[PDB]
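Engineer:
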Amino acid sequence: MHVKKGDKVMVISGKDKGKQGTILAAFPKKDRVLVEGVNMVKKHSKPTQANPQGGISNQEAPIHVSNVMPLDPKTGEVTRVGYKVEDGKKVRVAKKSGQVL
Amino acid sequence: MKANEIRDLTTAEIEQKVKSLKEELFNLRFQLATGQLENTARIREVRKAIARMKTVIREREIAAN
Amino acid sequence: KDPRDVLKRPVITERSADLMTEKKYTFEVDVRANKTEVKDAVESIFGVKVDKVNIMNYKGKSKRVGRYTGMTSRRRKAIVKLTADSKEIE
Amino acid sequence: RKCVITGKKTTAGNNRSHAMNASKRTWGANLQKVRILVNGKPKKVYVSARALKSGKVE
RNA sequence: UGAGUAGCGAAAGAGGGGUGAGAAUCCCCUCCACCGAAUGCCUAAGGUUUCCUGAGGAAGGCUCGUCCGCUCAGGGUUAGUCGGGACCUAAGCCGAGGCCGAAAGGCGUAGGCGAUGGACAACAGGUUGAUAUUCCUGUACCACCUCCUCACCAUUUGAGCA
RNA sequence: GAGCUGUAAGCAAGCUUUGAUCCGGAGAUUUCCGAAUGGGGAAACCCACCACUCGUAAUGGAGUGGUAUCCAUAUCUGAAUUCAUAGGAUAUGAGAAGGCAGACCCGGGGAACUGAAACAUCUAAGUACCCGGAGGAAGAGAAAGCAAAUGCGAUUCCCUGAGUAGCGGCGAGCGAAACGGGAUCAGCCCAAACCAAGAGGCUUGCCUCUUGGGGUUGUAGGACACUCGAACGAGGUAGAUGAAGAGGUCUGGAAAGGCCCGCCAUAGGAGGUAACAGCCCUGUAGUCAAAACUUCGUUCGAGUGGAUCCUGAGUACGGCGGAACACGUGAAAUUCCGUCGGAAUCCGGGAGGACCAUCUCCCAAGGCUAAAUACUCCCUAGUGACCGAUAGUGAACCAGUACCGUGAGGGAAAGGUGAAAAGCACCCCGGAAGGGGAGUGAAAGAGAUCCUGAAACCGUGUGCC
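Chains as they are written, first to last, in the authors' numbering: chain t, 1 to 101; chain w, 1 to 65; chain s, 2 to 91; chain v, 3 to 60.
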């Protein structure tokens, strides 16, 4: 997908609209993307093996990649993505900007 | 890893290191059967290793042939 | 063929633990392996002397999970009776 | 039943009686048993009478 | 719908304890009863884990069921001498060559397959939850081999072998 | 070029920009059955011989490779009978077998029901089916033709001819061809005469067998004497690049929806994106890309003469008994089968639907031959006034399964939580199951056949009787 693990991204649709977040997950098997601070589900938790706790765990939940584009690192608005090569390895270059990633 | 089984000596040293890591693999199966082994990825990598080497030896001999 | 493959894994039961006291050992071996090459294999690789070898093979137990009705592996179990004052095994 | 020199073999036809009634029959060539040169070696192989009429070896 | 009806598939249990949430149906004990040229003990064909141990009781159990020939998790079958192979063959089958036949094919020699048959060397005690002429114990036996031993023969008017 | 060790929820662990997983091309291994091929056999097994290795004081044991039959060639031997053959022995063989797409094509063999309002001739039908064989197409093919004229010139296939001419218990029914128009378009090679050598028998060419001349021909021709295993472009298999709005606002749980505004377009195909998106993503149009295999396009001989000879023999054809030609023996040509008979040779033969004479056309008894053609187990990309889970394949789902049958065979039912498991922490009843609460969600009546939930059927309160 156009997004990668470890990217600063911006979300479009859903209840969470127009909020910043970082990426620490990726699911290319299902185009499924977990962003920080979005889809704030509250999972019911039983004790886990020898862990003696019982409660509701409030944690992240992943969203679809089609609702996420990354931002321009220069101007800061959400921008479209293009592909370009730079001295051997190809690089991810956002549209309407010359900067990479 | 991949290069070294070609870059080392032709046939000879491969045979005793073959039965060396076959001894090692045998030890992993023994200790897994008694339930003590930890690195379960070793039981995949040693048997892969063997195929790696076997194929190079076999190609080598057909290439010499 | 290669002696390091002819016996696959030992089996640890209460019966097995009983027999290691009186110096008979239990092993699961290859299906094609017969009474004698397991013996030559074991003194070749263990430095031990073994007097009598008994052999028996188990067919797979039928076993059910979910909705599938598969068959577990056919096994061949070997009993090796060491001689007197022979060395021990891990 | 075959013929070695010529392609004569038993063929299937239909005998028809009076009142035009049709039933299936067979047709046999006039094969004979006799001792013949096929290779340089003598053998006894079958031969049709029409083939023997054309003056072959014995 | 019948209708809460027919049926619940030959049979003597009863009582006290124990488990359990629940007990006519499970377990322990005491009497009674039944079979006993069998309903006893081995072992074919066949079945394929139903065997044992520990859990469980939704479905199977013509009721119940704490129970099992059900489920789940483990565990259990050891052979030179037993049965069959590397021994033989009958009936029959297959069949190089061949002999026949529109084709496929059919018949069949040598030969081979084929036990229900013939030959063929271990047995009586112990052992656990499951195996036992298989495991342990002592005494044996059969076939084959020689790093060895003693006795004898002749190494061509040749011992020995078949 | 970044998550990944499938389905599938695992933490005992571990691999990865020193470039993983993945995709494409070519390689290596590939146990044991299976034509199965060392011998046997009841598939998935057993028992061997030889050679070479491991191991043992040896025996036992282990590995590797060969070891089936038939056919072709070569060698040796070649009984009875030792002229000689059968046969036997050895070696060489990417040789054959068996399967397959239930399709398509040739052959061999080959029904009945049915129709005839019964039925035997006929029909069904040379259908189904069985056997053999190969092909990607097969068969057929260059005139002993079609035809009757200022004539056409290999086959094949499509329209037409035409339901015509015909055939037929002249019933039922069966049923053409040529002329014309189109697709396609390739024409060639032998045998014989004669010559040359070598091939021996000699009965001195009456025959060898291999080359070359010697050649394929009908208003005749030929002999016969005169005449000159590379590099390149385009595809295929992996792929890459690729324009344009989180535009504002409203409802909403979520905007792709409504209103008001912009942009791209060789791209408004399509799919996904919490609801109906060209501008969110994958993409799409164009534009590129191949290290390696693979498929297509450019290189590395005649005229004249005509003494003599040849022009396909148990062959054409005929009789008898059958078959196929639309044609059922009829006026029955023509093609083929079986038996018997059996010519002609260029002044020669064959056909022109009995047959005979004239006339016209043609040269059989020898072969090869692409394209137009038929068909989809497949693979690629698409399409549908095709189905939307009693439909559509039997099979949307672990289906040819479960199950039934001894076996051949027969042969089912069974799709849907949610956008995300966020799949019910915690409390109470209880042994559990199951419930009641609390919580998640937009929904809990949404909680594991879980979208919607009709009817039969079964309950509970009741207004009237």
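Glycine included, C-beta positions come from ideal geometry on N, C-alpha and C.
Give me, in chain order, the residues of the same chain whose beta-carbon lies closer than 8 angstroms to that of v/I38; leave out the 5 immediate sequence neighbours on both sides.
Structural biologist: Indexing the fourth sequence from 1 puts residue 38 of chain v at position 36. Taken in chain order, the residues that qualify are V6, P44, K45, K46, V47, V49, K58, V59, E60.
Engineer: Might you give, ordered along the chain, the residues of its own chain that have their beta carbon closer than 8 angstroms to the beta carbon of s/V51, omitting 5 neighbours on each side?
Structural biologist: Taking the third sequence and counting its residues from 1, one reaches residue 51 of chain s at position 50. Scanning its chain for C-beta atoms nearer than 8 angstroms, with the 5 sequence neighbours on each side dropped, one finds around s/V51 the residues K40, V43, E44, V81, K82, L83, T84, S87, in chain order.
Engineer: Using the C-alpha atoms, what's the distance from t/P47 back to w/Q31?
Structural biologist: Position 31 of the second sequence, counted from the start, is the residue given in the question as residue 31 of chain w. Position 47 of the first sequence, counted from the start, is the residue given in the question as residue 47 of chain t. Answer to the nearest angstrom: the Cα atoms are 32 angstroms apart.
Engineer: Is the segment 55–67 of chain s in contact with the segment 2–13 of chain s, if contact means three or more CB pairs nearer than 8 angstroms?
Structural biologist: no
Engineer: Taking the alpha-carbon of w/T40 as reference, which of w/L25, w/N65, w/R52 has the nearest alpha-carbon?
Structural biologist: The residue labelled residue 40 of chain w in the question sits at position 40 within the second sequence. If we check each option's Cα against that of w/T40, w/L25 comes out closest.
Engineer: Can you tell me whether v/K10 is buried or exposed, with buried defined as 16 or more other CB within 10 angstroms of its CB?
Structural biologist: Locating residue 10 of chain v in the fourth sequence gives position 8, counting from the first residue. Classification of v/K10: buried, given that the 10 Å Cβ count is 16 or more.
Engineer: When Cβ atoms are compared, which residues of the segment 2–22 of chain w fall closer than 8 angstroms to chain s?
Structural biologist: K19, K22
Engineer: Based on the DSSP output, what are the partners of w/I62 in its beta bridges?
Structural biologist: Mapped onto the second sequence, residue 62 of chain w falls at position 62. Paired residues: none, contrary to the question.
Engineer: What are the boundary residues of the alpha helix (DSSP H) that s/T22 is part of?
Structural biologist: To locate residue 22 of chain s, count along the third sequence from 1; it is residue 21. Start and end: 15–22.
Engineer: Are there 16 or more other CB atoms within 10 angstroms of the CB of t/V68, so buried, or fewer, so exposed?
Structural biologist: In the first sequence, counting from the first residue as 1, residue 68 of chain t sits at position 68. It counts as buried.
Engineer: State the beta-bridge partners of v/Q34 as determined by DSSP.
Structural biologist: Position 32 of the fourth sequence, counting from 1, holds the residue named residue 34 of chain v. For v/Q34, which the question treats as bridged, DSSP gives the partners v/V49.
Engineer: Can you give the beta carbon distance from w/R52 to w/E23, rounded, assuming they're within the 8 angstroms contact cut?
Structural biologist: Reading the second sequence from its first residue, position 52 is the one you call residue 52 of chain w. Reading the second sequence from its first residue, position 23 is the one you call residue 23 of chain w. Their Cβ separation, rounded to whole angstroms, is 18 angstroms, which puts w/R52 and w/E23 out of contact at 8 angstroms.
Engineer: Give me the Cα-Cα distance between t/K43 and t/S57, rounded to the nearest whole angstrom.
Structural biologist: Here residue 43 of chain t refers to the residue found at position 43 of the first sequence. Here residue 57 of chain t refers to the residue found at position 57 of the first sequence. So the alpha carbons of these two residues sit roughly 5 angstroms apart.
Engineer: Please classify w/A12: is it buried, with 16 or more other beta-carbons within 10 angstroms of its beta-carbon, or exposed?
Structural biologist: In the second sequence, residue 12 of chain w corresponds to position 12, counting from 1. Label assigned to w/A12: exposed.
Engineer: Pair every Cβ in the segment 18–36 of chain v with every Cβ in the segment 69–79 of chain s, then say whether three or more of these pairs are closer than 8 angstroms.
Structural biologist: no
Engineer: So for w/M53, helix, strand or coil by DSSP?
Structural biologist: Sequence index remark: in the second sequence, residue 53 of chain w carries index 53 (1-based). Helix, per DSSP.
Engineer: Taking C-alpha atoms, which residue in s/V66, s/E15, s/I56 lies nearest to s/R33?
Structural biologist: Here residue 33 of chain s is taken as the residue at index 32 of the third sequence, counted from 1. That would be s/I56, whose Cα lies nearest to the Cα of s/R33.
Engineer: Hey, how far is the Cα of t/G21 from the Cα of t/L101?
Structural biologist: Along the first sequence, read from residue 1 onward, the residue named residue 21 of chain t stands at position 21. Along the first sequence, read from residue 1 onward, the residue named residue 101 of chain t stands at position 101. About 16 angstroms.
Engineer: Would you mind listing the beta strand (DSSP E) stretches within the segment 38–83 of chain s that are 3+ residues and don't spill past its ends, in chain order?
Structural biologist: 51–59, 76–83
Engineer: According to DSSP, is residue 105 of chain t part of a helix, a strand, or is it coil?
Structural biologist: For residue 105 of chain t there is no data in the structure shown, the boundaries of chain t being 1 and 101.
Engineer: Could you spell out where the alpha helix (DSSP H) holding w/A12 opens and where it closes?
Structural biologist: Numbered from its first residue, the second sequence carries residue 12 of chain w at position 12. 12–33 is the extent of the alpha helix (DSSP H) around w/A12.
Engineer: On the CB-based measure, 16 or more other CB atoms within 10 Å of its CB, does t/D7 come out buried or exposed?
Structural biologist: In the first sequence, the residue the question calls residue 7 of chain t occupies position 7. t/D7 comes out buried.
Engineer: Alpha carbon to alpha carbon, how far is t/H64 from t/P28? Give it in angstroms, no decimals.
Structural biologist: Reading the first sequence from its first residue, position 28 is the one you call residue 28 of chain t. Reading the first sequence from its first residue, position 64 is the one you call residue 64 of chain t. Distance between the alpha carbons of t/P28 and t/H64: 11 angstroms.
Engineer: Name the chain s residues whose beta carbon is nearer than 9 angstroms to that of w/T55?
Structural biologist: Within the second sequence, numbered from 1, the residue matching residue 55 of chain w stands at position 55. For w/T55, no chain s residue has a C-beta closer than 9 angstroms to its own C-beta; the minimum C-beta separation is roughly 17 angstroms.
Engineer: What is the rounded straight-line gap between the Cα of v/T12 and the Cα of v/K55?
Structural biologist: Translated into the one-based positions of the fourth sequence, residue 12 of chain v becomes position 10. Translated into the one-based positions of the fourth sequence, residue 55 of chain v becomes position 53. Rounded to whole angstroms, v/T12 to v/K55 spans 19 angstroms at the Cα level.
Engineer: Between which two residues does the alpha helix (DSSP H) holding w/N4 run?
Structural biologist: Working through the second sequence from its first residue, we reach residue 4 of chain w at position 4. From DSSP, the alpha helix (DSSP H) with w/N4 extends over 4–7.
Engineer: In chain order, what residues of the same chain have a beta carbon less than 8 angstroms from the beta carbon of v/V40, not counting five sequence neighbours either side?
Structural biologist: As a position in the fourth sequence, residue 40 of chain v is number 38, starting the count at 1. The answer, listed in chain order, is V6, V47.
Engineer: The beta strand (DSSP E) that contains v/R27, what's its start and end?
Structural biologist: Counting from 1 along the fourth sequence, the entry for residue 27 of chain v is found at position 25. Residues 24–29.
Engineer: Considering Cα atoms alone, identify which of w/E61, w/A63, w/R47 is closest to w/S20.
Structural biologist: Working through the second sequence from its first residue, we reach residue 20 of chain w at position 20. Considering only alpha carbons, the answer is w/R47.
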